[PDB]
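Enquirer: Here it is, the structure in full.
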Amino acid sequence: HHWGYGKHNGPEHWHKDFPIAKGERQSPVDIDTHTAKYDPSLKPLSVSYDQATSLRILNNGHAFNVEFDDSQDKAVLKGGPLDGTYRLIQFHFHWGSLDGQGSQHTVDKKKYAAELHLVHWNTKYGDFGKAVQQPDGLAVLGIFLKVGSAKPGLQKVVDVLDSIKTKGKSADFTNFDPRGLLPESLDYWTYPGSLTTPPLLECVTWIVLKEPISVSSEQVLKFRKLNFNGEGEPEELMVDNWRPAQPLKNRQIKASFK
Ligand SMILES: [Zn+2]
Ligand SMILES: [Zn+2]
């Protein structure tokens, strides 16, 4: 019926409604660190988030999104493998039922507890919807989360989850600074790929940071209490909202570091 992460509507069935699932530039992938090519032609990333305007937090039934005002160049990504300015529209996570799984990308087959995705669209295209129809329409920063010490900057997000427990709920979520979620280092890997959830459009340039951020066990635990279902429906915990690694096919992963 509609796609999800269960046995009957899980990643393995997506191809039936979204044939691009078996495409040539599908995400995520495993990052073989010994095969990634260092490319000294890659510029350092430029993350300008001093003017970010968060608006809302929403449970959409497959994850929770923090949405920003993208009506102007307030929170932008440039540099790196990118040409042009990319505006931040929303951020969301992918996580598992246990600490040993949850991230989309893997590093030498290592899975992380979760993966944060900061989603950006190419301003030359005027709006998010036109951006997704272009091969260079989106830039997604992926950041791994390992369990260890708490991430102070993530606490504001953890505390509001109680209020958006089920699909379709939202809460005002202003004055949230996304800079509190960045690792100290901006070294990355990059490859041409796709969205990791339906419609799996091949429009993304992936920017996967090397350094994971740490979250406490208690913080990740809160993620696992959200629900996939809407209010008044049988309870289905929102966990394992990740897709298996896809074949790299004709692609090369480039590293910004050696
Ligand atoms: Zn994602
Ligand atoms: Zn596209």
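To be explicit about the labels: the chains of the structure tokens are called A, B, and onward in the order shown, and within each one the residues are counted from 1, while ligands get numbers from 1 in the order they are shown.
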Please report as a Markdown table every residue of chain A lying within 9 Å of ligand 2, along with the nearest atom pair and their distance in Å (one decimal), using only C-alpha atoms and all ligand atoms.

Expert:
| residue | atom | partner | partner_atom_place_in_ligand_line | distance |
| --- | --- | --- | --- | --- |
| A:130 | CA | ligand 2 | 1 (Zn) | 8.9 |
| A:131 | CA | ligand 2 | 1 (Zn) | 7.3 |
| A:132 | CA | ligand 2 | 1 (Zn) | 4.9 |
| A:133 | CA | ligand 2 | 1 (Zn) | 3.9 |
| A:134 | CA | ligand 2 | 1 (Zn) | 3.9 |
| A:135 | CA | ligand 2 | 1 (Zn) | 4.4 |
| A:136 | CA | ligand 2 | 1 (Zn) | 7.0 |
| A:137 | CA | ligand 2 | 1 (Zn) | 6.4 |
| A:138 | CA | ligand 2 | 1 (Zn) | 8.3 |
| A:194 | CA | ligand 2 | 1 (Zn) | 8.0 |
| A:201 | CA | ligand 2 | 1 (Zn) | 5.3 |
| A:202 | CA | ligand 2 | 1 (Zn) | 4.6 |
| A:203 | CA | ligand 2 | 1 (Zn) | 3.5 |
| A:204 | CA | ligand 2 | 1 (Zn) | 7.3 |

Enquirer: Please give me, as a PyMOL selection string, the residues lying within 9 Å of ligand 1 when counting only C-alpha atoms and all ligand atoms.

Expert: chain A and resi 63+91-94+104+115-119+140+142+195-197+242

Enquirer: Which residue, A:245, A:145, A:42, A:238, has the smallest gap to residue 114 of chain A when you use only C-alpha atoms?

Expert: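 Of all the options, A:145 lies closest to residue 114 of chain A.
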
Enquirer: Please determine, counting only C-alpha atoms, which residue among A:163, A:149, A:256, A:97 has the shortest atom-to-atom distance to residue 231 of chain A.

Expert: A:163

Enquirer: Please report, as a tab-separated table, each residue of segment 102-135 of chain A lying at most 10 Å from segment 64-84 of chain A, together with the nearest pair of atoms and the separation in Å rounded to one decimal; use only C-alpha atoms, and order rows by chain and ascending residue number.

Expert:
residue	atom	partner	partner_atom	distance
A:117	CA	A:65	CA	9.8
A:118	CA	A:66	CA	9.5
A:119	CA	A:67	CA	9.8
A:120	CA	A:77	CA	7.4
A:121	CA	A:70	CA	9.2
A:122	CA	A:84	CA	6.9
A:123	CA	A:84	CA	7.3
A:124	CA	A:84	CA	7.3
A:126	CA	A:71	CA	9.7
A:127	CA	A:71	CA	9.0
A:128	CA	A:70	CA	9.2

Enquirer: Taking into account only C-alpha atoms, which residue in the set A:235, A:37, A:58, A:50 is nearest to residue 90 of chain A?

Expert: A:58

Enquirer: Neighbours of residue 208 of chain A within 8 Å (only C-alpha atoms; same-chain residues fewer than 6 positions away dropped), as number ranges by chain?

Expert: A: 141-143, 188-190

Enquirer: Keeping only N, CA and C atoms, write the selected residues as a tab-separated table (two decimals), in the first residue's frame.

Expert:
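Everything below was put into part09.tsv:
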chain	number	residue	atom	x	y	z
A	141	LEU	N	23.84	17.64	3.55
A	141	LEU	CA	24.99	17.41	4.44
A	141	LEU	C	24.69	16.19	5.26
A	142	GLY	N	25.37	15.08	5.30
A	142	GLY	CA	25.03	13.94	6.18
A	142	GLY	C	26.06	13.96	7.32
A	143	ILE	N	25.66	13.79	8.59
A	143	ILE	CA	26.46	13.83	9.80
A	143	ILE	C	26.06	12.57	10.58
A	188	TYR	N	35.15	16.03	4.39
A	188	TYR	CA	34.07	15.20	3.88
A	188	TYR	C	34.38	14.31	2.72
A	189	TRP	N	33.45	13.46	2.40
A	189	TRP	CA	33.40	12.63	1.21
A	189	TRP	C	32.24	13.23	0.37
A	190	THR	N	32.29	13.00	-0.92
A	190	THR	CA	31.19	13.54	-1.77
A	190	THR	C	30.95	12.61	-2.95

Enquirer: Which is closest to residue 225 of chain A among A:184, A:211, A:162, A:240, if we use only C-alpha atoms?

Expert: A:162

Enquirer: Looking at only C-alpha atoms, which of A:200, A:220, A:255, A:52 is the one that sits closest to residue 25 of chain A?

Expert: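 For residue 25 of chain A, the nearest of the candidates is A:200.
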
Enquirer: Just checking: using only C-alpha atoms, which residue out of A:39, A:17, A:159, A:30 ends up closest to residue 222 of chain A?

Expert: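 Going through A:39, A:17, A:159, A:30 one by one, the smallest distance to residue 222 of chain A is for A:159.
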
Enquirer: Hey, what does DSSP flag as strand (DSSP E or B) within segment 11-255 of chain A? Can you give it to me as an MDAnalysis selection string?

Expert: chainID A and resid 30:31 37:38 45:48 54:59 64:68 76:79 86:95 106:107 110 114:122 138:147 170:172 188:193 204:209 213:215 227 237 254:255

Enquirer: Write down as a list in words the residues of segment 65-234 of chain A whose backbone DSSP state falls under alpha helix (DSSP H).

Expert: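 Here is the list: residues 128, 129, 130, 131, 155, 156, 157, 158, 159, 160, 217, 218, 219, 220, 221, 222 and 223 of chain A.
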
Enquirer: By how many Å are atom CA of residue 156 of chain A and atom CA of residue 103 of chain A apart?

Expert: 21.6 Å
